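FYI the Cβ positions are ideal-geometry reconstructions off the backbone, even for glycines, and counts take in every protein chain you see. Just so it is clear, none of the values below were taken in a lab; they were calculated from the coordinates.
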Amino acid sequence: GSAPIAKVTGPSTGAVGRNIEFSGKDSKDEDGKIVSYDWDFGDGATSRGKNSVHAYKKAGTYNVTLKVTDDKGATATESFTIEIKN
């Protein structure tokens, strides 16, 4: 369709205080070209950029979202759940 497709690549698990890498590299668009990647790590924190990194302060289950926007201004968001342990 006209929306881009957002995809979040990352690990299913991680540890408190460790940098976790997330990537939007497999996002794609039939009807435009993606220009921006906005991340929400589920603990209040955000980042920008195709490849982003976050460390969680506490153990828990977090829903990471990625919103991609394309050159025509069309958006899509996708979610990824990560379990963080001590």
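Here are the numbers for the structure shown:
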{"read-out": "Relative contact order [Cα under 8 Å, 6+ residues apart], segment 16-81, whole percent", "value": "37 percent"}
{"read-out": "Cβ-derived FRET efficiency at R0 30 Å, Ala55 paired with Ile5, nearest 0.05", "value": "0.60"}
{"read-out": "Alpha carbon convex hull of the chain, volume per residue in cubic angstrom", "value": "71 Å³"}
{"read-out": "Gain on full stretching of the segment that runs from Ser12 to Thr65 - 0.36 nm per residue minus C-alpha separation", "value": "17.7 nm"}
{"read-out": "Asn19/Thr77 FRET efficiency (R0 41 Å; Cβ-Cβ; nearest 0.05)", "value": "0.95"}
{"read-out": "Over 22 Å (Cα to Cα) - which of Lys7/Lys72; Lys25/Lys85; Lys25/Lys58 fall in this group", "value": "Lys25/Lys85; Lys25/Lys58"}
{"read-out": "Sparse-neighbour loop sites [trypsin sites (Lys or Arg not before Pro); segment 22-62; at most 13 other C-beta within 10 Å; DSSP]", "value": "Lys25, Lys33, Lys57, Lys58"}
